[PDB]
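So you can see what is in the structure, the chains are spelled out below.
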Amino acid sequence: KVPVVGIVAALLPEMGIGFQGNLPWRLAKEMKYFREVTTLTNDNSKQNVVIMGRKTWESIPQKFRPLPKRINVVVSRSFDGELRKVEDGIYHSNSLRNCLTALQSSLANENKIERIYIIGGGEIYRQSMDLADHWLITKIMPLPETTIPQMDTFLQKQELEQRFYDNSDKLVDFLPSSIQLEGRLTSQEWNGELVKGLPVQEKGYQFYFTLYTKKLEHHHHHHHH
Ligand SMILES: NC(=O)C1=CN([C@@H]2O[C@H](COP(=O)(O)OP(=O)(O)OC[C@H]3O[C@@H](n4cnc5c(N)ncnc54)[C@H](OP(=O)(O)O)[C@@H]3O)[C@@H](O)[C@H]2O)C=CC1
Ligand SMILES: COc1cc(-c2cc(C)cc(C)c2)cc([C@@H](C)C#Cc2c(C)nc(N)nc2N)c1
């Protein structure tokens, strides 16, 4: 009932997302997008959830966690069950799947969550291809003089483009209404792939905010009683 949206920054063409437990770039504008999208709501009485794997949690600077103004959920197989408050702003879960089911309960949530963002990292995203309704992907490209950074963790692009299509024509409409983006929508070829979305440049990179949406599905079965 509430949308589940994976949100990720990935370097084309392999969709690398990390190296040695850290982000491979430090891009203040990309970080401001991530901050605004995950914080902002259309309805002022609601908040978003951000769900993350334990290793991703551990990498957020201690000063800056839990991420303000959002319900933070950290998942670890060493935690107690499926959604437990552990501190102000912090829930622990031992299951990505059961966590999402628990968050969807209208009785538990009082319909006061807008969206559930899955914010990383590699192992969490792998498991989220069949759970997310959408992906907000920032597609990052080194500008011609820029050294490609080393990376060790990747988005599963095959399974992405299996299940989802590039819906970036609708990105503006999908973002919380109050966000303001600097680009206009823009389709560019880059190493043999079509890159469509909202352009920024910062430091040695160009990046596009893009939206992926689930492909239409055939009606094979609906469960009857
Ligand atoms: N570019 C981007 O947009 C982002 C990139 N990243 C990058 O990703 C990398 C980190 O990814 P990765 O190492 O895969 O780690 P994760 O952040 O995905 O955390 C993995 C941990 O999550 C727990 N976990 C995984 N699946 C489940 C499950 N189904 N139920 C309960 N717990 C689960 C386990 O914790 P435990 O071991 O305690 O049981 C596991 O070790 C880093 O390099 C980081 O920089 C991260 C976020 C965003
Ligand atoms: C591995 O280390 C991490 C560090 C941070 C982090 C670093 C600083 C300096 C400040 C703050 C508040 C957080 C965030 C993350 C995670 C949670 C992220 C992210 C993410 C981004 C930046 N962009 C898109 N598009 N999607 C995403 N899911 C991981």
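Residues numbered from 1 in each chain as written, not as in the entry; some residues may be left out. Chains lettered and ligands numbered in written order. Heavy atoms only, no water.

- Method of determination, as given in the entry header: X-ray crystallography; reported resolution: 1.950 Å.

- As annotated in the PDB entry, the protein chain carries the name Dihydrofolate reductase and comes from Candida glabrata.
- Under its PDB header, the title given for this structure is "Candida glabrata Dihydrofolate Reductase complexed with 2,4-diamino-5-[3-methyl-3-(3-methoxy-5-(3,5-dimethylphenyl)phenyl)prop-1-ynyl]-6-methylpyrimidine(UCP11153TM) and NADPH".
- The Pathway (unreviewed entry) comment attached to the protein chain in UniProt states, word for word, "Cofactor biosynthesis; tetrahydrofolate biosynthesis; 5,6,7,8-tetrahydrofolate from 7,8-dihydrofolate: step 1/1." (UniProt positions renumbered as here; feature names shortened; annotations may be inferred.)

Here's the deal with the site of ligand 2
Here comes step 1: Ligand 2 sits among 17 residues. The nearest are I7, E30, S59, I119 and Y125.
Here comes step 2: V8 is positioned such that a nitrogen or oxygen atom in its backbone is 3.4 Å from a nitrogen atom of ligand 2.
Here comes step 3: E30 is positioned such that a nitrogen or oxygen atom in its side chain is 2.7 Å from a nitrogen atom of ligand 2.
Here comes step 4: Isolated, ligand 2 exposes 670 Å² of accessible area, and the fraction of that covered by the protein chains is 83%.
Here comes step 5: Those elements that provide at least two residues to the shell around ligand 2 are strand 1 (4-11), helix 1 (28-39) and helix 2 (54-59). (Near = heavy atom within 4 Å. Polar contact = N/O pair within 3.5 Å; in protein donor to acceptor, adjacent residues only side chain to side chain. Areas by Shrake-Rupley, 256 points an atom, 1.4 Å probe, with all protein chains shown as cover. Helix = DSSP H or I, 4+ residues; strand = E, 2+ residues; numbered from the N terminus.)

A closer look at the packing of aromatic side chains
Here comes step 1: Across all of its chains, the model carries four aromatic pairs by this definition.
Here comes step 2: What links up through ring pairs into an aromatic cluster is the set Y33, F207 and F209.
Here comes step 3: For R115, the ring lying beneath its charged end belongs to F174, and the centroid distance is 3.9 Å.
Here comes step 4: Across from the ring centre of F164, 5.8 Å away, lies the NZ or CZ of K214, which sits over that ring. (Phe/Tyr/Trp six-rings, centres within 6.5 Å; stacked < 30°, edge-to-face > 60°. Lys NZ or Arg CZ within 6 Å of the ring centre and 35° of its normal.)

Regarding the site of ligand 1
Here comes step 1: Surrounding ligand 1, one finds 27 residues, the nearest of these being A9, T56, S76, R77 and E123.
Here comes step 2: The contact in question runs from a nitrogen atom of ligand 1 to an N or O atom on the backbone of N94, over 3.4 Å.
Here comes step 3: Coverage of ligand 1 by the protein chains reaches 87% of its 950 Å² of free accessible surface.
Here comes step 4: When contributions to the shell around ligand 1 are tallied by element, the ones reaching two or more residues are strand 1, strand 2 (16-18), helix 2 and helix 5 (122-126).
Here comes step 5: Top contributing element to the shell around ligand 1 by residue count: helix 5, with four residues.
Here comes step 6: Class assignment of the residues belonging to the shell around ligand 1 gives a composition of ten nonpolar, 13 polar and four charged. (Nonpolar A, V, L, I, M, F, W, Y, C, P; charged D, E, K, R; others polar.)

Details of helix 3 (residues 96-104)
Here comes step 1: When helix 3 is considered as a whole, its buried residues turn out to be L96, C99, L100, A102 and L103. Buried residues along helix 3 cover an arc of 165 degrees about the axis, so they all sit on one side. Exposed residues pointing more than 90 degrees away from the buried face of helix 3 are listed as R97 and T101. (Buried < 20%, exposed > 50% of the residue type's maximum accessible area, 1.4 Å probe, protein only. Arc of directions from axis to C-beta.)

Examining the environment of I140
Here comes step 1: Turning to its location among the elements, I140 is positioned in strand 8 (residues 134-142).
Here comes step 2: Along the sequence, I140 and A9 sit 131 residues apart, while their C-alpha atoms lie 7.1 Å from each other.
Here comes step 3: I140 has contacts with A9, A10, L11, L12, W25, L27, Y205, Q206 and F207, leaving out every residue within four places of it along the chain. (Contact = heavy atoms within 4.5 Å.)

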